[PDB]
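A quick write-up on the structure given underneath.
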Amino acid sequence: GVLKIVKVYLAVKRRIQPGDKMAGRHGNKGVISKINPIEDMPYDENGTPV
Amino acid sequence: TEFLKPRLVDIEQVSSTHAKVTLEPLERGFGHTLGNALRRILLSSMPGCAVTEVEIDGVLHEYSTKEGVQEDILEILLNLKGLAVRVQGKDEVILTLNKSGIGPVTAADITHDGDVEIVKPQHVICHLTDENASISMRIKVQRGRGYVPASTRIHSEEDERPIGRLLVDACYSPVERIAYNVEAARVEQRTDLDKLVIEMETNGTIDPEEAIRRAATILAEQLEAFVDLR
């Protein structure tokens, strides 16, 4: 019944957002809740943001 | 009212990228007050120029591969995000890049505009492997402030949609890292009164003194609302 088929390939580039699941390697799960701006993040005496 | 204002003393420029700025005398409590309030404006609100659009010939999208080039097109775009550029006169400049033969394509291969200064000419953009291979592209630098992603920009304007135009995440804000200290002043007999060292770590473009001047301006313009309007 099939005369021809056209296969189209899309490329999505999804960046991280709240809801994306992340984890380490010791079974420590977690969900991003908010992307805090750089200005708001904690920083050590050296000045380098976490 | 004992209003005691600080003044800009010394700008220890260790490098064009990293520079210390000392500030004294500050009355007790104002060291951390300006320190952080300034750090915040200097991170986020500073205007700078950044590569927004690129258009390489023989390239229909960023995921494709160009012959005679070690980098995939994505990795070239990444290098152009971090290309240090200063436009003096206009807000938008489109620079042309043509180059051929065996060698690492540096930032100096771009044709410099009358009022455009490429701050790190030795900056890598692409690696040409084959002598036969030649690369051609049009790099649009626009000026903005903060960080404007390509995903935030592919969902607003989009009036002309020319196929072969690669949009790039704009890294407009020139300040990379910044951290203020507070140190003894050793002025007259004040003892309490000290200074404020703002260590700035920026790209090439924006000049340390220039930037702190702009950041103080932005703070005072936001304070118009609390002084004028009651």
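Within the set A:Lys34/B:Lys81; B:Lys20/B:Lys140; A:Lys13/B:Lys120; B:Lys66/B:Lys99; B:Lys120/B:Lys140, which residue pairs have Cα atoms separated by over 21 Å?
Flagged as over cut-off: A:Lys34/B:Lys81; B:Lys20/B:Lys140; A:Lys13/B:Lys120.
If I model chain B as equal point scatterers sitting on the Cα atoms and use the Debye formula, what is log10 I(q)/I(0) at q = 0.08, 0.17 Å⁻¹?
Listed by q, the Debye log ratios stand at -0.41, -1.18.
Over the Cα atoms of segment B:48-172, Rg to Rh with Kirkwood Rh, two decimal places?
My calculation puts Rg/Rh at 0.95.
Order of B:208-217, B:7-16 by packing, highest average Cβ count within 10 Å first?
Working: B:208-217: 16.8, B:7-16: 11.7.
The packing order, highest mean first, is B:208-217, B:7-16.
Just the ratio, please: alpha-carbon radius of gyration of segment B:142-230 over 2.2 N^0.38 Å, N its number of residues.
1.67
Within chain B, which is the longest segment that contains none of the chymotrypsin sites (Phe, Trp or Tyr not before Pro) sitting in a DSSP loop with at most 16 other Cβ atoms within 10 Å? Spell out each step's value before the answer.
Working: sites that count: B:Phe3, B:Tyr63.
Formally, the longest exposed-site-free interval is B:64-230.
Mind checking chain A for trypsin sites (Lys or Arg not before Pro) that DSSP puts in a loop (not H, G, I, E or B) and that have at most 14 other Cβ atoms within 10 Å?
Taking chain A and a limit of 14 other Cβ atoms within 10 Å, the loop trypsin sites (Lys or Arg not before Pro) found are A:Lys4, A:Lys7, A:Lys13, A:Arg14, A:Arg15, A:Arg25, A:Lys29, A:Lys34.
Above 29 Å lies some portion of the pair distances; for the protein assembly as shown, what is it as a whole percent of all C-alpha pairs?
So the portion of pairs separated by more than 29 Å is 50 percent.
Which whole-angstrom value gives the distance between the alpha carbon centres of segment B:187-208 and segment B:30-109?
30
Percent relative contact order of chain B, based on C-alpha pairs within less than 8 angstrom and at least six residues apart?
On the way: 477 pairs, mean separation 69.4, N = 230.
Once divided by the residue count of chain B, the mean separation gives 30 percent.
By a straight-distance test (C-alpha under 28 Å), which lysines pair with A:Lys4 as possible cross-link partners, with residues fewer than eight away in the same chain excluded?
none
Charges on Cβ only, +1 for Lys and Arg, -1 for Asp and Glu, centred on the Cα centroid of segment B:48-172; of B:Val105, B:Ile163, B:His61, which one is farthest towards the dipole's positive end?
B:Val105
Apply the membrane-span-like helix rule to chain B: whole DSSP H runs, Cα extent along the own long axis of at least 15 Å, mean Kyte-Doolittle hydropathy at least -0.5. List the helices found. Spell out each step's value before the answer.
Values: long enough: B:30-44 (21 Å, 0.42); B:208-222 (22 Å, -0.35).
Helices meeting the criterion: B:30-44, B:208-222.
Could you tell me the calculated FRET efficiency between A:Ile5 and B:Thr22, based on Cβ-Cβ distance and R0 = 51 angstrom, to the nearest 0.05? Spell out each step's value before the answer.
Values: r = 71 Å, r/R0 = 1.39.
Efficiency computed from Cβ-Cβ geometry: 0.10.
The numbers here are math on the coordinates, done by the rules we state, and not lab data. Backbone-built Cβ (ideal geometry, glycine too); neighbour counts: all protein chains shown.
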